[PDB]
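We've got the same protein chain twice here, in two forms, each standing alone as structure tokens: structure 1 and structure 2.
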Structure 1
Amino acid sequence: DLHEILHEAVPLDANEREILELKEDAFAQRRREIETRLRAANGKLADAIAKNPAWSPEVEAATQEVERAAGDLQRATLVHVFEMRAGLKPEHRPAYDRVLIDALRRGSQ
């Protein structure tokens, strides 16, 4: 969501946009690496539960991988938000900051 709202809501000149597209590829690779771990953990959970519907060491280990991936996703998104900010011209950063802060405060309500 946060990732989504910022993407739309700030105007970019051609130089900013060129750089932000590169940063978006970088973020896409990171998000895909995390999603891959998440999918594998989910497969491990499916396997374990189909075999034995109890909280086995296999379920515990897979759950830890899910927890980690869920955390990594949030951190990666926040890091990416600051990376995009760094791609903007100084004079464009206040507009970005307003949207970011607003989005975050709507998330504290």
Structure 2
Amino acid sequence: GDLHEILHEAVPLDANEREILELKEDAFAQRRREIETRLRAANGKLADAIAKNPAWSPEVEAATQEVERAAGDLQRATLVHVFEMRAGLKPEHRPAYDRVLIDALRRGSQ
């Protein structure tokens, strides 16, 4: 279900590809961490709101929206980076990458 991990594990970068993509990989790792931090905080606000008053409320509406926004940010950032990686591949490596990517997407990997 971890799309990014599935790709790095099944179709790992070659020596030159790894060197070329290192900067983008690192930038994505930091971006993912930041979004995940927001997501955990949103989860906490949702739990907090429900602990206070276990019903839909402005606090629950806001927290649920924050959760969904962070989740969407994560989904999009990951897919953009998946396309980044594809751009950094030797053209001849792209078909295997696509096979893994398409199959994983069909299963709902994100």
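Start at 1 and count along the sequence of structure 1; that gives the residue numbers used here. Under this definition, the rigid core comprises the largest set of C-alpha atoms superposing within 1.5 Å between the forms.
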| query | finding |
| --- | --- |
| Rotation angle of the smaller rigid part relative to the larger between the two structures, in degrees | 15 |
| Shift in Å of the C-alpha at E91 between the two structures after core superposition | 4.3 |
| Between the two structures, how far the Cα of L78 shifts once the core is aligned, in Å | 0.8 |
